[PDB]
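Heads up: the structure comes next, in structure tokens.
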Amino acid sequence: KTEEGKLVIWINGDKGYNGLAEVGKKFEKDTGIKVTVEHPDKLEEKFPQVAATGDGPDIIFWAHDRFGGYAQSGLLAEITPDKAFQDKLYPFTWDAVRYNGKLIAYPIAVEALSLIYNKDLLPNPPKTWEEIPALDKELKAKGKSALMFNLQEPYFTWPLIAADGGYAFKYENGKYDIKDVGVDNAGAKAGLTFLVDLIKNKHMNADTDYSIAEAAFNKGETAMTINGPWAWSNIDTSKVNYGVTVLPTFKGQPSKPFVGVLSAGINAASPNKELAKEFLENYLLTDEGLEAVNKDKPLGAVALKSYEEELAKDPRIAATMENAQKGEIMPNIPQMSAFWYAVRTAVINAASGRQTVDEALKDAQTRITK
């Protein structure tokens, strides 16, 4: 039974330079509230090493997948809810942030992507995706392109082959089956086959690099750029208007890309539970500290119906809200990491010239399981 008067924060994508700067000093100002502002970068690998000691600090924000799903085995204490829940909380948010009937994680950051569109240099029916690829005919017909992006990255092919009906793993409620995979079907096959025609009908050789494709996204002068809140290079007070819209449908069904929520939590050794719940409930959960990090400057939407209700002005929470309703939550299984060996042999190997999608993709399923 020991008590202390200090807490260390850990943020990796919150930013808030001036925001947290004030709130931190304002508390100690009373007569006993000192918070240490720290931010990680590569500590992701040190965690399992520096954790074996018992977790020094006790304040860190990270997505819910590797927070409420991994901590459940390491050393993370559950959180207690207040009246903000009964008040009017989005059931679609907490209903998914449950594990073994326990709430050992809370979301306080939405990370995801938008579909970029060009001011008015792309007239067409945004009801069909196929309308996009054809845009190259009229665009290239002069000396430009309506779309430009990578081709061998897990940010385009996957989201493109997902709008067909190709599942990855069997996840119900909050657990997996054993060998239930939805890749050895007609949905995944037809999706991997279409992606190949695009590369041949566009580059006809696939010679697009990062510096080559970066040229387009850099000047965003083409109706195809994919970016997120945590992938912007150099802010700079620009003066160019950009259009943010959500992806259409394919064949009749949308695609399943990435949705992200940051779960907050403390180690199963936090001092004073009542003092923690009180300090945190009024720290990063009120106009006192919240406005600091989410009002100094808007960037991420919060899990509050009351706040978002005025939030109608910000297009971050609104635009992403479209895909969120019809999207899939990131994975939380270690076996899924094996798929990396699949995508390389499926697209890369098959794109070489001595690998057929039949034996490459189909046989790949049986290999992963055995």
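Just so we're on the same page: first chain in the structure tokens is A, next is B, and so on; residues restart at 1 for each chain, and ligands are numbered from 1 in the order they show up.
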
Contacts of region 104-113 of chain A within 7 Å, only C-alpha atoms, excl. fewer than 2 positions in-chain, as an mmCIF file with N, CA and C atoms, in the first residue's frame:
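After the write, result21.cif holds the following:
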data_model
loop_
_atom_site.group_PDB
_atom_site.id
_atom_site.type_symbol
_atom_site.label_atom_id
_atom_site.label_comp_id
_atom_site.auth_asym_id
_atom_site.auth_seq_id
_atom_site.Cartn_x
_atom_site.Cartn_y
_atom_site.Cartn_z
ATOM 1 N N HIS A 64 -7.002 0.525 -29.627
ATOM 2 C CA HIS A 64 -7.682 -0.426 -28.746
ATOM 3 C C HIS A 64 -7.271 -1.876 -28.989
ATOM 4 N N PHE A 67 -4.166 -2.673 -27.072
ATOM 5 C CA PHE A 67 -4.249 -2.111 -25.730
ATOM 6 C C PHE A 67 -5.155 -2.955 -24.843
ATOM 7 N N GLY A 68 -6.414 -3.083 -25.244
ATOM 8 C CA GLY A 68 -7.356 -3.870 -24.472
ATOM 9 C C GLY A 68 -7.302 -5.349 -24.813
ATOM 10 N N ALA A 77 -4.963 -2.839 -15.625
ATOM 11 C CA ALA A 77 -6.127 -2.774 -14.754
ATOM 12 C C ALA A 77 -7.354 -2.275 -15.507
ATOM 13 N N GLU A 78 -8.520 -2.775 -15.116
ATOM 14 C CA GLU A 78 -9.773 -2.381 -15.747
ATOM 15 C C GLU A 78 -10.144 -0.952 -15.365
ATOM 16 N N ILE A 79 -11.026 -0.343 -16.152
ATOM 17 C CA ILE A 79 -11.464 1.023 -15.896
ATOM 18 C C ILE A 79 -12.912 1.053 -15.410
ATOM 19 N N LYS A 102 -15.342 -7.438 -19.756
ATOM 20 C CA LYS A 102 -14.660 -6.441 -18.935
ATOM 21 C C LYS A 102 -14.237 -5.246 -19.782
ATOM 22 N N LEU A 115 -10.927 9.492 -48.793
ATOM 23 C CA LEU A 115 -10.674 9.323 -50.221
ATOM 24 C C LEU A 115 -10.526 10.726 -50.803
ATOM 25 N N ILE A 226 -4.413 8.784 -51.161
ATOM 26 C CA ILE A 226 -4.896 8.235 -49.898
ATOM 27 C C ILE A 226 -4.007 8.679 -48.735
ATOM 28 N N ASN A 227 -4.608 9.339 -47.744
ATOM 29 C CA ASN A 227 -3.860 9.821 -46.585
ATOM 30 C C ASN A 227 -4.687 9.769 -45.309
ATOM 31 N N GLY A 228 -4.001 9.868 -44.173
ATOM 32 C CA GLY A 228 -4.674 9.837 -42.888
ATOM 33 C C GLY A 228 -4.220 10.960 -41.975
ATOM 34 N N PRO A 229 -4.787 11.060 -40.760
ATOM 35 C CA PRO A 229 -4.426 12.108 -39.803
ATOM 36 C C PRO A 229 -2.979 12.010 -39.350
ATOM 37 N N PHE A 258 -9.248 0.065 -42.928
ATOM 38 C CA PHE A 258 -8.899 0.173 -41.513
ATOM 39 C C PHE A 258 -9.584 1.294 -40.740
ATOM 40 N N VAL A 259 -10.084 0.909 -39.566
ATOM 41 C CA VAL A 259 -10.714 1.819 -38.619
ATOM 42 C C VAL A 259 -9.896 1.771 -37.331
ATOM 43 N N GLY A 260 -9.683 2.906 -36.666
ATOM 44 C CA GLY A 260 -8.861 2.867 -35.467
ATOM 45 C C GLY A 260 -9.313 3.769 -34.334
ATOM 46 N N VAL A 261 -9.288 3.203 -33.127
ATOM 47 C CA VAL A 261 -9.642 3.915 -31.902
ATOM 48 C C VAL A 261 -8.537 3.692 -30.859
ATOM 49 N N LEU A 262 -8.107 4.754 -30.173
ATOM 50 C CA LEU A 262 -7.030 4.634 -29.184
ATOM 51 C C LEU A 262 -7.563 4.353 -27.791
ATOM 52 N N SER A 263 -7.144 3.226 -27.210
ATOM 53 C CA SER A 263 -7.598 2.869 -25.882
ATOM 54 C C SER A 263 -6.613 3.331 -24.816
ATOM 55 N N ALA A 264 -7.139 4.011 -23.803
ATOM 56 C CA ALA A 264 -6.320 4.501 -22.703
ATOM 57 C C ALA A 264 -6.281 3.461 -21.585
ATOM 58 N N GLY A 265 -5.179 3.380 -20.844
ATOM 59 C CA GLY A 265 -5.121 2.402 -19.769
ATOM 60 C C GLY A 265 -3.881 2.508 -18.916
ATOM 61 N N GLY A 300 -8.626 14.964 -34.226
ATOM 62 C CA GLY A 300 -9.285 13.686 -34.029
ATOM 63 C C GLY A 300 -10.609 13.823 -33.302
ATOM 64 N N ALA A 301 -11.587 13.018 -33.698
ATOM 65 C CA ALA A 301 -12.902 13.062 -33.080
ATOM 66 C C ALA A 301 -12.945 12.270 -31.785
ATOM 67 N N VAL A 302 -13.726 12.754 -30.828
ATOM 68 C CA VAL A 302 -13.855 12.080 -29.545
ATOM 69 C C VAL A 302 -15.128 11.235 -29.493
ATOM 70 N N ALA A 303 -15.180 10.299 -28.550
ATOM 71 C CA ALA A 303 -16.339 9.429 -28.401
ATOM 72 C C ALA A 303 -17.406 10.085 -27.529
ATOM 73 N N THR A 320 -15.006 10.354 -41.995
ATOM 74 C CA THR A 320 -14.610 9.024 -41.546
ATOM 75 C C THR A 320 -15.806 8.258 -40.981
#

Leaving out region 280-294 of chain A and any residue of its chain fewer than 6 positions from it, which residues lie within 12 Å of it when counting only C-alpha atoms, given as a PDB file with N, CA and C atoms, in the first residue's frame?
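Below is the file that was written, out-v6.pdb:
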ATOM      1  N   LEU A   7       2.634  11.377 -12.288  1.00  0.00           N
ATOM      2  CA  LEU A   7       2.203  10.441 -13.321  1.00  0.00           C
ATOM      3  C   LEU A   7       2.828  10.799 -14.664  1.00  0.00           C
ATOM      4  N   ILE A   9       2.885  10.598 -18.760  1.00  0.00           N
ATOM      5  CA  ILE A   9       2.036  10.410 -19.929  1.00  0.00           C
ATOM      6  C   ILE A   9       2.825   9.818 -21.093  1.00  0.00           C
ATOM      7  N   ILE A  11       2.211   9.591 -25.291  1.00  0.00           N
ATOM      8  CA  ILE A  11       1.394   9.863 -26.468  1.00  0.00           C
ATOM      9  C   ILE A  11       2.204   9.709 -27.748  1.00  0.00           C
ATOM     10  N   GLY A  13       1.059  10.429 -31.321  1.00  0.00           N
ATOM     11  CA  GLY A  13       0.177  10.871 -32.381  1.00  0.00           C
ATOM     12  C   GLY A  13      -0.854  11.883 -31.905  1.00  0.00           C
ATOM     13  N   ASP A  14      -0.779  12.274 -30.630  1.00  0.00           N
ATOM     14  CA  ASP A  14      -1.717  13.247 -30.069  1.00  0.00           C
ATOM     15  C   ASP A  14      -1.279  14.673 -30.402  1.00  0.00           C
ATOM     16  N   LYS A  15       0.032  14.860 -30.538  1.00  0.00           N
ATOM     17  CA  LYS A  15       0.616  16.164 -30.845  1.00  0.00           C
ATOM     18  C   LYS A  15       0.542  17.109 -29.629  1.00  0.00           C
ATOM     19  N   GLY A  16      -0.526  17.908 -29.557  1.00  0.00           N
ATOM     20  CA  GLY A  16      -0.762  18.803 -28.428  1.00  0.00           C
ATOM     21  C   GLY A  16       0.479  19.334 -27.735  1.00  0.00           C
ATOM     22  N   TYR A  17       1.130  20.306 -28.352  1.00  0.00           N
ATOM     23  CA  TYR A  17       2.319  20.917 -27.758  1.00  0.00           C
ATOM     24  C   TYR A  17       1.936  21.942 -26.690  1.00  0.00           C
ATOM     25  N   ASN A  18       1.191  22.966 -27.097  1.00  0.00           N
ATOM     26  CA  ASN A  18       0.758  24.017 -26.180  1.00  0.00           C
ATOM     27  C   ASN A  18      -0.414  23.560 -25.308  1.00  0.00           C
ATOM     28  N   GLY A  19      -1.257  22.690 -25.858  1.00  0.00           N
ATOM     29  CA  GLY A  19      -2.419  22.209 -25.125  1.00  0.00           C
ATOM     30  C   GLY A  19      -2.080  21.583 -23.786  1.00  0.00           C
ATOM     31  N   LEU A  20      -1.308  20.502 -23.811  1.00  0.00           N
ATOM     32  CA  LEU A  20      -0.929  19.809 -22.584  1.00  0.00           C
ATOM     33  C   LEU A  20       0.015  20.662 -21.738  1.00  0.00           C
ATOM     34  N   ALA A  21       0.737  21.559 -22.398  1.00  0.00           N
ATOM     35  CA  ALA A  21       1.687  22.436 -21.723  1.00  0.00           C
ATOM     36  C   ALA A  21       1.045  23.196 -20.562  1.00  0.00           C
ATOM     37  N   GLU A  22      -0.135  23.764 -20.798  1.00  0.00           N
ATOM     38  CA  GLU A  22      -0.827  24.526 -19.759  1.00  0.00           C
ATOM     39  C   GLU A  22      -1.431  23.603 -18.696  1.00  0.00           C
ATOM     40  N   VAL A  23      -2.315  22.711 -19.130  1.00  0.00           N
ATOM     41  CA  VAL A  23      -3.007  21.794 -18.233  1.00  0.00           C
ATOM     42  C   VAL A  23      -2.062  21.125 -17.239  1.00  0.00           C
ATOM     43  N   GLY A  24      -0.843  20.828 -17.674  1.00  0.00           N
ATOM     44  CA  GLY A  24       0.112  20.179 -16.798  1.00  0.00           C
ATOM     45  C   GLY A  24       0.564  21.063 -15.648  1.00  0.00           C
ATOM     46  N   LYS A  25       0.837  22.329 -15.949  1.00  0.00           N
ATOM     47  CA  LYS A  25       1.297  23.283 -14.940  1.00  0.00           C
ATOM     48  C   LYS A  25       0.147  23.795 -14.073  1.00  0.00           C
ATOM     49  N   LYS A  26      -1.046  23.872 -14.651  1.00  0.00           N
ATOM     50  CA  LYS A  26      -2.214  24.368 -13.927  1.00  0.00           C
ATOM     51  C   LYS A  26      -2.562  23.491 -12.725  1.00  0.00           C
ATOM     52  N   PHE A  27      -2.363  22.187 -12.857  1.00  0.00           N
ATOM     53  CA  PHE A  27      -2.689  21.272 -11.773  1.00  0.00           C
ATOM     54  C   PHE A  27      -1.723  21.425 -10.597  1.00  0.00           C
ATOM     55  N   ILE A  33       0.212  18.519  -8.020  1.00  0.00           N
ATOM     56  CA  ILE A  33      -0.167  17.761  -9.207  1.00  0.00           C
ATOM     57  C   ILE A  33       0.846  17.947 -10.330  1.00  0.00           C
ATOM     58  N   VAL A  35       2.594  16.217 -13.696  1.00  0.00           N
ATOM     59  CA  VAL A  35       2.492  15.206 -14.738  1.00  0.00           C
ATOM     60  C   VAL A  35       3.678  15.299 -15.696  1.00  0.00           C
ATOM     61  N   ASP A  58       2.593   5.379 -15.845  1.00  0.00           N
ATOM     62  CA  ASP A  58       1.288   4.744 -15.845  1.00  0.00           C
ATOM     63  C   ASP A  58       0.246   5.551 -16.613  1.00  0.00           C
ATOM     64  N   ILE A  59       0.656   6.191 -17.707  1.00  0.00           N
ATOM     65  CA  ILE A  59      -0.278   6.958 -18.519  1.00  0.00           C
ATOM     66  C   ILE A  59       0.133   6.922 -19.989  1.00  0.00           C
ATOM     67  N   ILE A  60      -0.611   6.159 -20.797  1.00  0.00           N
ATOM     68  CA  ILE A  60      -0.270   5.986 -22.210  1.00  0.00           C
ATOM     69  C   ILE A  60      -1.507   5.770 -23.075  1.00  0.00           C
ATOM     70  N   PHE A  61      -1.473   6.323 -24.282  1.00  0.00           N
ATOM     71  CA  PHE A  61      -2.582   6.194 -25.216  1.00  0.00           C
ATOM     72  C   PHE A  61      -2.155   5.447 -26.480  1.00  0.00           C
ATOM     73  N   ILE A  79     -11.026  -0.343 -16.152  1.00  0.00           N
ATOM     74  CA  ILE A  79     -11.464   1.023 -15.896  1.00  0.00           C
ATOM     75  C   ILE A  79     -12.912   1.053 -15.410  1.00  0.00           C
ATOM     76  N   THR A  80     -13.235   2.044 -14.584  1.00  0.00           N
ATOM     77  CA  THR A  80     -14.585   2.192 -14.059  1.00  0.00           C
ATOM     78  C   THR A  80     -15.330   3.287 -14.822  1.00  0.00           C
ATOM     79  N   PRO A  81     -16.589   3.034 -15.215  1.00  0.00           N
ATOM     80  CA  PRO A  81     -17.384   4.001 -15.965  1.00  0.00           C
ATOM     81  C   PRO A  81     -18.111   4.995 -15.068  1.00  0.00           C
ATOM     82  N   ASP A  82     -18.496   6.122 -15.653  1.00  0.00           N
ATOM     83  CA  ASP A  82     -19.199   7.164 -14.921  1.00  0.00           C
ATOM     84  C   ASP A  82     -20.605   7.363 -15.496  1.00  0.00           C
ATOM     85  N   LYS A  83     -21.149   8.567 -15.347  1.00  0.00           N
ATOM     86  CA  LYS A  83     -22.484   8.872 -15.846  1.00  0.00           C
ATOM     87  C   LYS A  83     -22.467   9.193 -17.338  1.00  0.00           C
ATOM     88  N   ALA A  84     -21.279   9.448 -17.880  1.00  0.00           N
ATOM     89  CA  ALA A  84     -21.143   9.763 -19.294  1.00  0.00           C
ATOM     90  C   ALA A  84     -21.606   8.597 -20.158  1.00  0.00           C
ATOM     91  N   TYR A 106     -10.323   2.269 -23.055  1.00  0.00           N
ATOM     92  CA  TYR A 106     -11.245   3.321 -23.475  1.00  0.00           C
ATOM     93  C   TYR A 106     -10.692   4.083 -24.678  1.00  0.00           C
ATOM     94  N   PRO A 107     -11.505   4.275 -25.737  1.00  0.00           N
ATOM     95  CA  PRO A 107     -11.072   4.983 -26.938  1.00  0.00           C
ATOM     96  C   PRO A 107     -11.083   6.497 -26.772  1.00  0.00           C
ATOM     97  N   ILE A 108      -9.997   7.141 -27.195  1.00  0.00           N
ATOM     98  CA  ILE A 108      -9.882   8.592 -27.105  1.00  0.00           C
ATOM     99  C   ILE A 108      -9.071   9.142 -28.277  1.00  0.00           C
ATOM    100  N   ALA A 109      -9.285   8.564 -29.457  1.00  0.00           N
ATOM    101  CA  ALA A 109      -8.585   8.992 -30.666  1.00  0.00           C
ATOM    102  C   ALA A 109      -9.007   8.155 -31.868  1.00  0.00           C
ATOM    103  N   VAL A 110      -9.501   8.809 -32.915  1.00  0.00           N
ATOM    104  CA  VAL A 110      -9.928   8.087 -34.105  1.00  0.00           C
ATOM    105  C   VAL A 110      -8.926   8.224 -35.241  1.00  0.00           C
ATOM    106  N   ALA A 264      -7.139   4.011 -23.803  1.00  0.00           N
ATOM    107  CA  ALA A 264      -6.320   4.501 -22.703  1.00  0.00           C
ATOM    108  C   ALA A 264      -6.281   3.461 -21.585  1.00  0.00           C
ATOM    109  N   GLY A 265      -5.179   3.380 -20.844  1.00  0.00           N
ATOM    110  CA  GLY A 265      -5.121   2.402 -19.769  1.00  0.00           C
ATOM    111  C   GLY A 265      -3.881   2.508 -18.916  1.00  0.00           C
ATOM    112  N   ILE A 266      -3.988   1.991 -17.700  1.00  0.00           N
ATOM    113  CA  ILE A 266      -2.888   2.010 -16.757  1.00  0.00           C
ATOM    114  C   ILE A 266      -2.527   0.596 -16.314  1.00  0.00           C
ATOM    115  N   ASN A 272      -3.549   4.208  -5.886  1.00  0.00           N
ATOM    116  CA  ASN A 272      -4.785   4.931  -5.609  1.00  0.00           C
ATOM    117  C   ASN A 272      -5.735   4.888  -6.804  1.00  0.00           C
ATOM    118  N   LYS A 273      -6.704   3.978  -6.744  1.00  0.00           N
ATOM    119  CA  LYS A 273      -7.685   3.821  -7.817  1.00  0.00           C
ATOM    120  C   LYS A 273      -8.663   4.993  -7.854  1.00  0.00           C
ATOM    121  N   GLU A 274      -9.115   5.416  -6.678  1.00  0.00           N
ATOM    122  CA  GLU A 274     -10.050   6.533  -6.570  1.00  0.00           C
ATOM    123  C   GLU A 274      -9.390   7.833  -7.018  1.00  0.00           C
ATOM    124  N   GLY A 300      -8.626  14.964 -34.226  1.00  0.00           N
ATOM    125  CA  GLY A 300      -9.285  13.686 -34.029  1.00  0.00           C
ATOM    126  C   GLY A 300     -10.609  13.823 -33.302  1.00  0.00           C
ATOM    127  N   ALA A 301     -11.587  13.018 -33.698  1.00  0.00           N
ATOM    128  CA  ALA A 301     -12.902  13.062 -33.080  1.00  0.00           C
ATOM    129  C   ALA A 301     -12.945  12.270 -31.785  1.00  0.00           C
ATOM    130  N   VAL A 302     -13.726  12.754 -30.828  1.00  0.00           N
ATOM    131  CA  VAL A 302     -13.855  12.080 -29.545  1.00  0.00           C
ATOM    132  C   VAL A 302     -15.128  11.235 -29.493  1.00  0.00           C
ATOM    133  N   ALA A 303     -15.180  10.299 -28.550  1.00  0.00           N
ATOM    134  CA  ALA A 303     -16.339   9.429 -28.401  1.00  0.00           C
ATOM    135  C   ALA A 303     -17.406  10.085 -27.529  1.00  0.00           C
ATOM    136  N   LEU A 304     -17.828  11.282 -27.932  1.00  0.00           N
ATOM    137  CA  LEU A 304     -18.844  12.033 -27.201  1.00  0.00           C
ATOM    138  C   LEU A 304     -19.906  12.567 -28.159  1.00  0.00           C
ATOM    139  N   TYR A 307     -20.281  16.536 -27.876  1.00  0.00           N
ATOM    140  CA  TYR A 307     -19.226  17.303 -28.530  1.00  0.00           C
ATOM    141  C   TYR A 307     -19.353  17.237 -30.049  1.00  0.00           C
ATOM    142  N   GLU A 308     -19.505  16.024 -30.572  1.00  0.00           N
ATOM    143  CA  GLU A 308     -19.621  15.822 -32.014  1.00  0.00           C
ATOM    144  C   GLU A 308     -20.847  16.525 -32.596  1.00  0.00           C
ATOM    145  N   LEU A 311     -19.627  19.525 -33.550  1.00  0.00           N
ATOM    146  CA  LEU A 311     -18.554  19.059 -34.434  1.00  0.00           C
ATOM    147  C   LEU A 311     -18.944  19.048 -35.917  1.00  0.00           C
ATOM    148  N   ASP A 314     -16.331  20.358 -38.280  1.00  0.00           N
ATOM    149  CA  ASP A 314     -15.157  19.571 -38.640  1.00  0.00           C
ATOM    150  C   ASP A 314     -15.555  18.393 -39.529  1.00  0.00           C
TER     151      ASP A 314
END

* To do: From a DSSP pass on the backbone, collect the residues of region 59-308 of chain A flagged as helix (DSSP H, G or I) and hand them back as a count of residues only.
  => 76

* Hey, what does DSSP flag as strand (DSSP E) within region 73-206 of chain A? Can you give it to me as a VMD selection string? -> chain A and resid 106 to 112 114 to 117 171 to 172 175 to 176

Next, the residues of the selection above should be written as an mmCIF file, in the first residue's frame with C-alpha atoms.
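Printed below is selection09.cif as written:
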data_model
loop_
_atom_site.group_PDB
_atom_site.id
_atom_site.type_symbol
_atom_site.label_atom_id
_atom_site.label_comp_id
_atom_site.auth_asym_id
_atom_site.auth_seq_id
_atom_site.Cartn_x
_atom_site.Cartn_y
_atom_site.Cartn_z
ATOM 1 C CA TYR A 106 -11.245 3.321 -23.475
ATOM 2 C CA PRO A 107 -11.072 4.983 -26.938
ATOM 3 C CA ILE A 108 -9.882 8.592 -27.105
ATOM 4 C CA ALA A 109 -8.585 8.992 -30.666
ATOM 5 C CA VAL A 110 -9.928 8.087 -34.105
ATOM 6 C CA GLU A 111 -7.332 7.180 -36.737
ATOM 7 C CA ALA A 112 -8.384 6.465 -40.330
ATOM 8 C CA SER A 114 -10.287 9.660 -46.452
ATOM 9 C CA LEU A 115 -10.674 9.323 -50.221
ATOM 10 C CA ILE A 116 -9.142 12.429 -51.823
ATOM 11 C CA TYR A 117 -10.903 14.147 -54.695
ATOM 12 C CA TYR A 171 -13.855 -13.125 -35.789
ATOM 13 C CA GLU A 172 -17.143 -13.267 -33.867
ATOM 14 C CA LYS A 175 -12.582 -14.521 -30.517
ATOM 15 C CA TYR A 176 -11.436 -16.686 -33.427
#

* Which one is closest to residue 367 (chain A): A:181, A:268, A:209, A:256? Count only C-alpha atoms. ->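 Among the listed residues, A:181 lies closest to residue 367 (chain A).
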
* To do: Could you give me, as JSON, numbers by chain, the residues within 12 Å of region 347-349 of chain A, counting only C-alpha atoms and dropping anything in the same chain fewer than 6 positions from it?
  => {"A": [151, 152, 153, 154, 157, 158, 161, 189, 191, 192, 193, 194, 195, 196, 199, 206, 340, 341, 355, 356, 357, 358, 359, 360, 361, 364]}

Prev. selection, N, CA, C and O atoms, output as a short mmCIF file (atom, residue, chain, number, x, y, z; two decimals), in the first residue's frame:
data_model
loop_
_atom_site.label_atom_id
_atom_site.label_comp_id
_atom_site.auth_asym_id
_atom_site.auth_seq_id
_atom_site.Cartn_x
_atom_site.Cartn_y
_atom_site.Cartn_z
N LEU A 151 1.23 0.42 -55.78
CA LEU A 151 0.67 -0.76 -56.44
C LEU A 151 1.02 -2.06 -55.71
O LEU A 151 0.31 -3.06 -55.85
N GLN A 152 2.11 -2.06 -54.94
CA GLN A 152 2.51 -3.27 -54.21
C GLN A 152 2.54 -3.01 -52.71
O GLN A 152 3.42 -3.51 -52.00
N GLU A 153 1.58 -2.23 -52.22
CA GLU A 153 1.50 -1.90 -50.80
C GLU A 153 0.17 -2.36 -50.20
O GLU A 153 -0.84 -2.43 -50.91
N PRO A 154 0.14 -2.68 -48.89
CA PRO A 154 -1.08 -3.13 -48.22
C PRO A 154 -2.02 -1.98 -47.86
O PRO A 154 -2.62 -1.96 -46.79
N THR A 157 -4.20 -2.50 -52.82
CA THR A 157 -4.63 -3.81 -53.28
C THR A 157 -5.65 -4.43 -52.33
O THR A 157 -6.72 -4.88 -52.75
N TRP A 158 -5.32 -4.44 -51.04
CA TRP A 158 -6.19 -5.00 -50.02
C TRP A 158 -7.56 -4.32 -50.03
O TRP A 158 -8.59 -4.99 -50.11
N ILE A 161 -9.37 -5.34 -53.25
CA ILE A 161 -9.82 -6.73 -53.31
C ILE A 161 -10.84 -7.02 -52.21
O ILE A 161 -11.44 -8.09 -52.18
N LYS A 189 -10.58 -14.49 -55.06
CA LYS A 189 -9.96 -14.84 -56.34
C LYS A 189 -10.25 -13.77 -57.40
O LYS A 189 -9.33 -13.28 -58.06
N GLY A 191 -11.00 -10.85 -56.94
CA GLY A 191 -10.43 -9.59 -56.54
C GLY A 191 -8.95 -9.48 -56.88
O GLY A 191 -8.48 -8.42 -57.30
N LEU A 192 -8.23 -10.58 -56.71
CA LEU A 192 -6.80 -10.60 -57.01
C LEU A 192 -6.56 -10.62 -58.51
O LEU A 192 -5.50 -10.23 -58.98
N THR A 193 -7.56 -11.09 -59.27
CA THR A 193 -7.45 -11.17 -60.72
C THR A 193 -7.66 -9.80 -61.37
O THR A 193 -7.01 -9.47 -62.36
N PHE A 194 -8.56 -9.01 -60.80
CA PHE A 194 -8.85 -7.68 -61.33
C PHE A 194 -7.68 -6.73 -61.09
O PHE A 194 -7.36 -5.90 -61.94
N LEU A 195 -7.05 -6.85 -59.92
CA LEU A 195 -5.92 -5.99 -59.58
C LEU A 195 -4.78 -6.14 -60.58
O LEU A 195 -4.05 -5.19 -60.84
N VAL A 196 -4.61 -7.34 -61.12
CA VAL A 196 -3.55 -7.61 -62.08
C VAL A 196 -3.79 -6.89 -63.40
O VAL A 196 -2.86 -6.35 -64.01
N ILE A 199 -2.77 -3.10 -63.30
CA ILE A 199 -1.35 -2.81 -63.41
C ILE A 199 -0.86 -2.97 -64.85
O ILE A 199 0.01 -2.21 -65.30
N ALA A 206 4.50 -2.36 -64.39
CA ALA A 206 4.59 -2.09 -62.96
C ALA A 206 5.97 -1.55 -62.60
O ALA A 206 6.80 -2.27 -62.04
N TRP A 340 1.44 -12.09 -44.19
CA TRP A 340 2.49 -11.32 -44.88
C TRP A 340 3.24 -12.21 -45.87
O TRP A 340 3.68 -11.75 -46.92
N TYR A 341 3.36 -13.48 -45.52
CA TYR A 341 4.04 -14.46 -46.36
C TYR A 341 3.16 -14.85 -47.55
O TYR A 341 3.64 -15.38 -48.55
N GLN A 355 4.24 -17.86 -61.44
CA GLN A 355 3.34 -18.10 -60.32
C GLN A 355 1.89 -17.83 -60.73
O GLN A 355 1.53 -16.70 -61.06
N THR A 356 1.06 -18.86 -60.70
CA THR A 356 -0.34 -18.72 -61.06
C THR A 356 -1.20 -18.47 -59.83
O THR A 356 -0.98 -19.07 -58.78
N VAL A 357 -2.17 -17.57 -59.96
CA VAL A 357 -3.06 -17.23 -58.85
C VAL A 357 -3.73 -18.47 -58.28
O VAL A 357 -4.09 -18.50 -57.10
N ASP A 358 -3.90 -19.49 -59.11
CA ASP A 358 -4.54 -20.73 -58.68
C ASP A 358 -3.71 -21.43 -57.61
O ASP A 358 -4.20 -21.71 -56.52
N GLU A 359 -2.46 -21.73 -57.94
CA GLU A 359 -1.57 -22.41 -57.01
C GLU A 359 -0.96 -21.45 -55.99
O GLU A 359 -0.55 -21.86 -54.91
N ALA A 360 -0.88 -20.17 -56.35
CA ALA A 360 -0.29 -19.18 -55.45
C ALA A 360 -1.25 -18.76 -54.33
O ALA A 360 -0.88 -18.76 -53.17
N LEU A 361 -2.47 -18.38 -54.70
CA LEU A 361 -3.45 -17.93 -53.72
C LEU A 361 -4.18 -19.10 -53.05
O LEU A 361 -4.31 -19.14 -51.83
N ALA A 364 -1.92 -21.30 -51.03
CA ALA A 364 -1.42 -20.48 -49.94
C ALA A 364 -2.31 -20.60 -48.71
O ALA A 364 -1.83 -20.50 -47.59
#

* **Shell around residue 125 (chain A) at 12 Å using only C-alpha atoms, local window under 3 positions removed, as a ChimeraX atom specification** => /A:122,128-132,134-135,248

* Asked: Given the choices A:188, A:95, A:34, A:316, which gets closest to residue 163 (chain A) if the distance is worked out from only C-alpha atoms?
  ->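 Counting only C-alpha atoms, the residue closest to residue 163 (chain A) is A:188.
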
* **Counting only C-alpha atoms, the residue of A:343, A:333, A:178, A:231 that sits nearest residue 370 (chain A)** =>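 Of A:343, A:333, A:178, A:231, the one nearest residue 370 (chain A) is A:178, counting only C-alpha atoms.
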
* Looking at only C-alpha atoms, which of A:271, A:55, A:86, A:353 is the one that sits closest to residue 71 (chain A)? -> A:55

* When distances are computed from only C-alpha atoms, which of A:352, A:246, A:335, A:202 shows the smallest separation from residue 321 (chain A)? ->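 The closest residue to residue 321 (chain A) is A:246.
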
* **Distance criterion (only C-alpha atoms): nearest to residue 74 (chain A) out of A:49, A:369, A:267, A:233** =>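 Ranked by minimum distance to residue 74 (chain A), first place goes to A:267.
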
* So what do you get for CA of residue 332 (chain A) versus CA of residue 317 (chain A), distance-wise? -> 23.9 Å

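One distance worth recording is that between CA of residue 96 (chain A) and CA of residue 296 (chain A), which is 29.5 Å.
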
* Distance of CA of residue 70 (chain A) from CA of residue 167 (chain A), expressed in Å to one decimal place ->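 These atoms are spaced 23.0 Å apart.
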